[PDB]
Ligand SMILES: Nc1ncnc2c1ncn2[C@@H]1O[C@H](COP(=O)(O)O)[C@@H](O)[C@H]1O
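Before any questions on binding or motion, here is one chain by itself as structure tokens, the form solved without this ligand.
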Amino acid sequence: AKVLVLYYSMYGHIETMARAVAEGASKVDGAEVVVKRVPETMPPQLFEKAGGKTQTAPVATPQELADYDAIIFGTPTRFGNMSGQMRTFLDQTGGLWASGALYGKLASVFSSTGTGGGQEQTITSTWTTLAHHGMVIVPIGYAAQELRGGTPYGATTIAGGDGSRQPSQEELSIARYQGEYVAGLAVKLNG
């Protein structure tokens, strides 16, 4: 019943993706969905230098993850890993891990890429962390709406080597599906 869409975005691609995930999740009667971001780690100075898109979403604390029934994580792909910002935030969940707060909760991952390559590694290396927390891992498989560079691991979008490309209509429907699919799963379990 409570679903968190937790994301990191520097140039907006994941932020756009996270809105679509939230929309899908919101289609499920039962699901109370909220979107939050992980803190930006770079000082506003270095962020604006690199051309970053200022993020508006409320900043989540590591501790509040425990309140949710499902968490849908969004990260850009950073050389086949989650972002340093998402990795920093997850590194502050050691107290929750020790308590077993996240144990058995639903987890699912979405990503974005630029030139190309690494999106599958980003998603599956994120799963690893969720597994240490004892979270149930939800891939999208081949549903979805309905597939280019898609993966069964989770919704993705291509930004281009430029970062100019915006998520396509089909990438958004996949992202919506993902939110809706895990939300229904969370309601089935929570309900």
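Shifts are known only where both forms have a C-alpha. Just so we're on the same page, rigid core means the largest C-alpha set that superposes within 1.5 Å between forms. A residue's number is simply how far along the shown sequence it sits, counting from 1.
What follows is about the form solved in complex with this ligand, which we do not show.
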Item to check | this ligand overlaid from its position in the deposited complex: site open or blocked at 2.4 Å backbone/C-beta | outcome: blocked
Next on the checklist: Test of understanding: in the deposited complex, would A66 fall inside 4.5 Å of this ligand by heavy atoms?
Outcome noted: no
Checklist entry - Is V59 close enough to this ligand in the deposited complex to count, meaning some heavy atom within 4.5 Å? => result no
Item to check | Distance check, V35 to this ligand in the deposited complex, heavy atom within 4.5 Å | outcome: no
Item to check | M135: touches this ligand in the deposited complex, heavy atom cutoff 4.5 angstroms | outcome: no
Checklist entry - Of 135-172, which residues get within 4.5 Å of this ligand in the deposited complex if you count heavy atoms? => result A143, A144, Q145, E146
Next on the checklist: Give me the residue ranges between the shown form and the other one where at least 3 consecutive Cα atoms each move 2 Å or more, fitting on the core only.
Outcome noted: 148-150
